Amino acid sequence: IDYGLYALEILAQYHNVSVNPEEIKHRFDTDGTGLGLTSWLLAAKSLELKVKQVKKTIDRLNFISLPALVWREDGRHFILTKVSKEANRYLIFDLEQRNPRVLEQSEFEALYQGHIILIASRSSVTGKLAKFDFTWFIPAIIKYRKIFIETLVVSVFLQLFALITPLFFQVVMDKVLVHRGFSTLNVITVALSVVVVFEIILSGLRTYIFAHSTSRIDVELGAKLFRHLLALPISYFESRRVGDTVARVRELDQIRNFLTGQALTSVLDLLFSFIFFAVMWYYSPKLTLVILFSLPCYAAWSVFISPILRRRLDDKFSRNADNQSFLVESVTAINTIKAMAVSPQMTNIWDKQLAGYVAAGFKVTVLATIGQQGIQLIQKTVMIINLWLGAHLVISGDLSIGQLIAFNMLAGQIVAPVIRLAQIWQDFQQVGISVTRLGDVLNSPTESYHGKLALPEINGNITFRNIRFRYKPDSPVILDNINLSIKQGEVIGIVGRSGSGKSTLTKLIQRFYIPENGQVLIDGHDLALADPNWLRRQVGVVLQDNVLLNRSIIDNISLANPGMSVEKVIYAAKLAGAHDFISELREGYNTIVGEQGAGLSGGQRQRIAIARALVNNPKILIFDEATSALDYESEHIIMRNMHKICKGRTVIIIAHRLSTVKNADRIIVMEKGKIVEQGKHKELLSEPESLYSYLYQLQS
Amino acid sequence: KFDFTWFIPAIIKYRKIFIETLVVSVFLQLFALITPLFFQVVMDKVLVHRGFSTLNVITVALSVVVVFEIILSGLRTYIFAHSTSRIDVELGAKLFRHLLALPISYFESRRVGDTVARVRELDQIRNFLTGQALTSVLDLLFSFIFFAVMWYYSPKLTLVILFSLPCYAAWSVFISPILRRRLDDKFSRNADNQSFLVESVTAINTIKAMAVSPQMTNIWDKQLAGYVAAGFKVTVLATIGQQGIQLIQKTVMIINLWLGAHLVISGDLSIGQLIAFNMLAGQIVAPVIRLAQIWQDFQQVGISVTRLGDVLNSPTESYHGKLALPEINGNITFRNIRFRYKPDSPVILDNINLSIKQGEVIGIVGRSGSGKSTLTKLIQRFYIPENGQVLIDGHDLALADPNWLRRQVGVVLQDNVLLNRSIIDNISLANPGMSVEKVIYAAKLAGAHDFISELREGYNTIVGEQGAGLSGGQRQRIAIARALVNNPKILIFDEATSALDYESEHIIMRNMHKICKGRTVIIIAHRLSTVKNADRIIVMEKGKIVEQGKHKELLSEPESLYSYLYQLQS
Amino acid sequence: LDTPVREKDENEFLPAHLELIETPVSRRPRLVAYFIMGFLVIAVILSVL
Amino acid sequence: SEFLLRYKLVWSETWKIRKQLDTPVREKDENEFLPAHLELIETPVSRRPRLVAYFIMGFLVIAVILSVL
């Protein structure tokens, strides 16, 4: 018995929030075998609570706000409440005995190890979703603000050392060579040595710390991106290609590559270069005005060049996404490519796409080179002007040779970050586009559910109320006015011709299809408002394709709960009539099936999927033409076991052959999206003019 | 073997432009050398003696020298990138042509993400080639002119720089292999992450139909954490290398300052000469600094080349070019074929002997595990028999062109995979420039026109995925139309009617005489009602022929297993 | 220096831990102060000598 | 070392077979209308930048030779 879940339930009851233990276990107990401390804290944070584990002495135990949870290494936690003074007694809540009990000082000291969890109710009252832009990083900067202040301090100090080191050259030129010097030269040498070594150490530390923090920020962004991607509707994926979304996701790797680089440090160095300007103006304002006028030239050149580079990199990303889509589709469907002789066509398409991609990349490279050359031209022109003016100043007066050398080195240190940034212009614009692509993925609405309440478990009461459905916004109506009501524990057979609309009921019970008019109800709850995971985790559906994952047999069968026992897996495999073939294999239940079940036949993975659906305890079980892809002497075992599979469940069987639903409580016949007949088997076969009788005679 | 000798013929083929780039590089080095001489002249003969006209001459010469140097550097970069783009295009074309020719066992034993990442290593190589990494190497290599000028100025400081260079070499040698190992680990993690992402996006229907978001999210979290940790390790090593380079640069700068001060104090060296020497020493080191911040690019292009070699060094099931063997007449025969899935797996077929004549509609039946499903994958040279020979029109299939054979033969399977294109783009996959009337006729033959009629977009309807957006029967009819729209001499139906209802199957069976006209058709199905109208029905049991003949010829005798199967089916 | 990525290094970037940890601190919290004070004391002892 | 010997052996082997790797010379319009990849592979560098670079290099050479004498 998991006691952390019970403790969370009790503490949520205390703080006036409703918690469903099954939903919390589904979300935060992915691998079974209990919750664990980290997942327990995450689950508590999910319920809009404020929790944190603290080290609290028994003496300090009197000043905390109870109730609080005492987390032990072994799963024997207990909730502490009402620490009583004047009697040194503790009114714990025993999670095993499920009732409060009164303890004294001694046994509490024996039972308390030094760690307690403090629980507070902090429910945020705010409903809104913000558009994903560059502003998403502002809360990240706020959260990681200690590190960034540290790096700002380090940058200021680095600028201080970089200001110091010109001055020693100036002093050498103006005193060591002018008069003489050997005593001062050694002092300057040792001071320069210590300055350069400490500058190197500080730069290394700054890079290390900044890279660490930006890596953590990127990890957070990636986690959020994957959560949102998995929370998206199926209509999002049905209208796209795999390669498009894959490329959108690898833009995250692009962002991570940018963040852990020299771009932001170079920007910091550029913004902290006004320290040098004070000394530059102190030397000669006539020379410093040149730099002050040169900076707007750099800004104007960058502003002029940037949008063209952005457009070119947009085209480059379009070609890259097309290449990724084509490559993924070609490798995924390599069996079809090889079975036919469509290799020349695929190579022609690849050659066209590759040529386009290389042309776009070359255009981007050309513009980057042009921008770099322009910035170099501006820098060199400024250097020439300063050389001429400094020559006049030194010949005339008010300037020395050492002062001129120091000013030249200071101007070089001013301009070096600009050159370093210009070398990575492509990265800047590529990140500007990566953020937009990640927004394109992240600005799509997820599967919406207004109800934040935790609905209870499902009884098999399904109700269709005036259901009207279309595949597309203007396609022909599939279901006109479907009205239906299915009670708990009832086996329902649904038959009809192909195109009658009986194939859309399975994806309507699940929230994959959105009815144009009407509402589908489970236990009287509208599915347009319920949390999709709650509905999906309690409904078992066996389709006609049934694709698997590239894992072993037992990992695919027990995918929904890896922590369950093997014996139940064997029982489920026996029910589906698949244990035998799995055993005939050399590795048995450890055989890897390959991509999409490549190592198994169609019927084999059909039976594997039947077992996978049966391994849990589905409140509602749907068979959407499951046994049609199977053969004889395998469907017979399926029926003999289905005699007891339907026990305690609401089972819906949608089949083409009328012999499959012969043993159902009701048989619902559909024709062109309307229910024409319903009843038992013989009650429907009594009328020879009915559609059911016609189909039965036709197939027989 | 494709490791690095592949680029040598590409370099030599474009030698006449690479030599020009080398000459432009040496001229850029001369242009760079010009300017410190002008500073030395200004410092020694303008600030000291007199005059402003010589200063004006120096300034006006320097302006045009700088402009010409900038233009020449831009032109050299453009020409080098233009020359390397052709090399990377050639590499990409060759890589994909090799990839499509690989055997199916290569793809069956790996994941999609592995191959996808190994091909994005091509993009990594392209970014390395079309960049400013080899130009910096050229600048570093062509710096001996600076060394000659510096040795003319002063031998001691030139010796100091000459001894500083091996420090850079040794530091690079010491700090390179560990960075390469860390980037190997990072690439392995990246390949795993890409494979997981592709697998999860491809099967999103099952991820969302079930409720395993938390499992997928946990796996993604762990993989992302590992990948970012590896990236951080690589970044730390790169930063250590850059700081190590900076330490040597500044140490030799300080030593040069001290020695130059002592030199100028003792005569035999002017101040302008020292300034010019310092600028030349900085210009020598600048390529090293600019190359030390793209260290990961060098190691990553090495690793990308290694992975491209991993893809390109595997043997190909490419071609058998001998006399261009003519077309196929539908004559298939088997001679003592036995087949094993793996060398350590139970045998399926033992002594299957068969012979099918042209224009003969033959049906093959049996139970699960009978081994009838492997004949279609044996006719195409996908499965290689343990011993024996499969003969089509008298010619062995083990020595023929695989593409020719698989083009002459059309196969419809129990489940078929389309592409994410329109219906007409899937039907006419083998010939996209083909007339639409042929596509419509083929679709009408398979009965696929009727269900397309209720589609708003028509034949332009995009199949959402491999088969998403269409039902099983619709996909089967589309696959039948795709097989029939060509002119295949041999048609194989490998349970190609399981997903169809009674009406669609009846419509297809009414057109069977138009489908089988002039072709050798082999029908394989579990149900016995599909091969009823066949010219010959064959029963298989555990990889052996137990019965053959017409349906009645077999249905008349209850002693046969065919009668038992028909009784069970009814 | 060339040790592979271990679980200790991997747990530092686990998104669950980053979600739980509020107001994070740098891995090297006091090194900058130590180095800056070292620089200051070395400078002050060099100035008097 | 040893690897450099192998690289030099390969370079010499493929440099003796030189004059066969070169593609035929073609006009610009004929280069333009080729398969998509082949017209990147076989299109040489434009003539204008080559003349600009040659003019700059010759200007430098002329300036040096006139200034020295």
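No lab work stands behind these numbers, since they all come straight from the coordinates. Here the Cβ positions follow ideal geometry from the backbone for every residue, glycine too, while neighbour counts run over all protein chains shown.
Using a 10 Å cut-off on Cβ to Cβ distances, tally the other chain neighbours for every residue of B:191-202 and report the average as a whole number.
Average per residue, whole number: 5.
Let me have the relative contact order for chain A, percent, based on Cα pairs under 8 Å that are six or more residues apart.
Here the relative contact order equals 12 percent.
Determine the shape class of the protein assembly as shown: with a ≥ b ≥ c the square roots of the Cα gyration tensor eigenvalues, call it rounded for a/c under 1.5, and otherwise prolate if a/b is greater than b/c, oblate otherwise.
oblate
Apply 1/(1 + (r/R0)^6) to the Cβ-Cβ distance of A:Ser475 and A:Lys45, taking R0 = 51 Å, and write down the FRET efficiency to the nearest 0.05.
Calculated value: 0.70.
List the relative contact order of region A:203-362 as a percent without decimals, with contacts defined as Cα pairs under 8 Å and 6+ residues apart.
31 percent.
So for the pair B:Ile289, A:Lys574, with labels modelled 7 Å out along Cα→Cβ, what separation do we get in nm?
Rounded to a tenth, the inter-label distance reads 7.7 nm.
If you place +1 on the Cβ of every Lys and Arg and -1 on the Cβ of every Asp and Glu, how big does the dipole about the Cα centre of the protein assembly as shown come out, in debye to the nearest 20?
About 1200 debye.
Once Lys and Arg get +1 and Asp and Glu get -1 on their Cβ, which of A:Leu160, A:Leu129, A:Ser343 lies farthest toward the positive end of the dipole of chain A?
Most positive-ward Cα: A:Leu160.
For region B:369-472, calculate the relative contact order in percent as a whole number, restricting contacts to Cα pairs under 8 Å that are 6 or more residues apart.
This gives 25 percent for region B:369-472.
Using a 7 Å offset from Cα along Cα-Cβ at D:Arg18, what residues in region D:35-52 end up with backbone N under 20 Å from the label point?
D:44-45
How large is the charge dipole for region A:228-315, taken about the Cα centre, if only the Cβ atoms of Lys, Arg (+1) and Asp, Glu (-1) carry charge, to the nearest 20 debye?
120
Calculate the dipole size of chain A relative to its Cα centre from +1 charges on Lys and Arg beta carbons and -1 charges on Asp and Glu beta carbons; express the result in debye to the nearest 20.
Dipole of chain A, to the nearest 20 debye: 840 debye.
What fraction of the DSSP beta bridges in chain B is antiparallel, stated in percent and rounded to the nearest 5?
So the antiparallel bridges in chain B amount to around 55 percent.
What percent antiparallel are the DSSP beta bridges of the protein assembly as shown, to the nearest 5?
Looking only at bridges with both residues in the protein assembly as shown, the antiparallel portion is about 65 percent.
Multiply the residue gap between A:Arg89 and A:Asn16 by 0.36 nm, knock off their C-alpha separation, and tell me the result in nm, one decimal place.
Extra length from A:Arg89 to A:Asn16 when fully extended: 23.6 nm.
Using Cβ contacts closer than 10 Å as the measure, can you line up A:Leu118, D:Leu60 from fewest to most?
A:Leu118, D:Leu60
Using DSSP to define loop residues, name the GluC sites (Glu not before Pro) in region B:452-502 whose beta-carbon has at most 11 other beta-carbon atoms within 10 Å.
The qualifying sites are B:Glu454.
Could you tell me the calculated FRET efficiency between A:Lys128 and D:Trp11, based on Cβ-Cβ distance and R0 = 60 angstrom, to the nearest 0.05?
0.35
Can you give the FRET efficiency to the nearest 0.05 for A:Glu683 and A:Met639, using r as the Cβ-Cβ distance and R₀ = 25 Å?
So, using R0 = 25 Å, E works out to roughly 0.70.
Using only atoms on other chains, find how many Cβ atoms lie within 10 Å of each Cβ of peptide B:80-86 and report the average.
Per residue, the average neighbour count from other chains is 5.
Bin all alpha-carbon pair distances of region A:134-443 at 20 Å intervals from 0 and give each bin's fraction as a whole percent.
Percent of pairs per bin, in order: 24, 45, 23, 7, 0.
What trypsin sites (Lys or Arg not before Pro) does region D:1-61 have in DSSP loop regions with at most 12 other beta carbons within 10 Å?
Qualifying residues, ordered by number: D:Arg18, D:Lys19.
For every helix of n ≥ 4 consecutive DSSP H residues, a contribution of -39,500 (n - 2.57) applies; sum these over chain A, divide by its total residues, and give [θ] at 222 nm rounded to the nearest 500 deg cm²/dmol.
-18000 deg cm²/dmol
Points 7 angstrom from Cα along the Cβ direction at B:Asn313 and B:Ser345: gap in nanometres?
2.8
Sorting check: for B:407-415, B:37-45, which peptide has the highest mean count of neighbouring beta carbons within 10 Å, and how do the rest follow?
B:407-415, B:37-45
Could you tell me which residue out of D:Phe55, D:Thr43, D:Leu5 lies farthest along the dipole of chain D toward its positive end? Charges go on the beta carbon: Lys and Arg +1, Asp and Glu -1, centred on the Cα centre.
D:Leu5
DSSP loop (so not H, G, I, E, B), at most 12 other Cβ within 10 Å: list which GluC sites (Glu not before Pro) in region D:15-69 pass both filters.
Sites meeting the loop and neighbour criteria: D:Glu27.
Using a 7 Å offset from Cα along Cα-Cβ at A:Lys662, what residues in region B:553-567 end up with backbone N under 18 Å from the label point?
Residues B:565-567 fall inside that zone.
Please identify which residues in region A:293-322 have an amide N closer than 11 Å to a label point set 7 Å out from the Cα of A:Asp440, following the Cα→Cβ vector.
Flagged as within label range: A:314-322.
How far apart, in nm, are the 7 Å Cα→Cβ label points at B:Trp258 and C:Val44?
With each label point 7 Å from Cα toward Cβ, the separation is 2.8 nm.
Among B:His262, B:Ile303, B:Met279, flag the residue with its Cα farthest along the positive direction of the charge dipole of region B:1-316, charges on Cβ as +1 for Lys/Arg and -1 for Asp/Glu.
Value computed over the given set: B:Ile303.
At a 10 Å Cβ-Cβ cut-off, how would you order B:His551, A:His636, A:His656, fewest neighbours first?
The most exposed by this proxy come first: A:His636, B:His551, A:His656.
Which three extents, in angstrom, do the Cα atoms of chain A have along their principal axes, listed largest first?
123, 88, 53 Å, listed from the longest principal axis down.
Considering only Cα-Cα distances, which of the following residue pairs are longer than 22 Å: A:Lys25/A:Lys644; A:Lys55/A:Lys146; B:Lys342/B:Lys544; A:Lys619/A:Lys682; B:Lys94/B:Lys489?
Listed pairs above 22 Å: A:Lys25/A:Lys644; A:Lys55/A:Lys146; A:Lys619/A:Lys682; B:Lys94/B:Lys489.
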